[PDB]
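**Student:** With the sequence shown counted from 1, adding 15 to any position gets you this note's numbering.
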Amino acid sequence: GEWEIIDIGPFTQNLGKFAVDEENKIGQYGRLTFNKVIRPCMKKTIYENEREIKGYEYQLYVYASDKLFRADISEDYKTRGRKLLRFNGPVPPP
């Protein structure tokens with residue numbers, strides 16, 4: 016895809032919250048509460064057919080219950096539906 020850094024304002028904060036809510040449904044790390052999203056946040060755009068946008072993926076660093084996790088989120092272009100792809104950690108700060 017094509018990659019860019021985006022900042023960590025309200026849009027990205029709500030993506031961090033979405034990731035913690037989705038991970039809480041999974042349960043592998045017990046019950047988490049969102050604390051913060053830190054830099055860098057990466058956005059991948061995926062293209063299909065003749066340079067048509069198929070969707071996005073956002074790579075986030077997220078503090079939840081004081082532990083730092085790496086979360087990857089997909090967003091389908093047509094439906095705007097979001098899905099948690101992976102949530103791993105604790106990871107060292109970037």
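C-beta atoms are modelled at their ideal positions from N, C-alpha and C, and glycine is treated no differently.
Taking the alpha-carbon of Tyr92 as reference, which of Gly104, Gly16 and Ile68 has the nearest alpha-carbon?
**Tutor:** Translated into positions along the sequence shown, residue 92 becomes position 77. Out of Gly104, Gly16 and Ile68, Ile68 has the C-alpha closest to the C-alpha of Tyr92.
**Student:** What are the start and end residues of the alpha helix (DSSP H) that includes residue 112?
**Tutor:** The structure shown does not extend to residue 112, since the chain spans only 16 to 109, so no value can be given for it.
**Student:** With which residues is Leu83 paired in a DSSP beta bridge?
**Tutor:** Along the sequence shown, one-based indexing puts residue 83 at 68. For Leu83, which the question treats as bridged, DSSP gives the partners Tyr78.
**Student:** Measuring only the C-alpha atoms, how far is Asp87 from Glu17?
**Tutor:** Reading the sequence shown from its first residue, position 72 is the one you call residue 87. Reading the sequence shown from its first residue, position 2 is the one you call residue 17. Whole-angstrom Cα-Cα distance: 16 Å.
**Student:** In the structure shown, what three-state DSSP assignment does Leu100 receive?
**Tutor:** As a first step, residue 100 must be located in the sequence shown, where it is residue number 85. DSSP places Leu100 in strand when its eight states are reduced to three.
**Student:** My output table needs one value for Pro109: the three-state DSSP class, helix, strand or coil.
**Tutor:** Here residue 109 refers to the residue found at position 94 of the sequence shown. If DSSP states are grouped into helix, strand and coil, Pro109 belongs with coil.
**Student:** Whose CA, out of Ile21, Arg85 and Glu19, lies closest to the CA of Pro105?
**Tutor:** Here residue 105 corresponds to residue number 90 of the sequence shown, with the count starting at 1. It is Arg85.
**Student:** What three-state label does DSSP hand residue 197 in the structure shown?
**Tutor:** Because the chain spans 16 through 109 in this model, residue 197 falls outside it and cannot be assessed.
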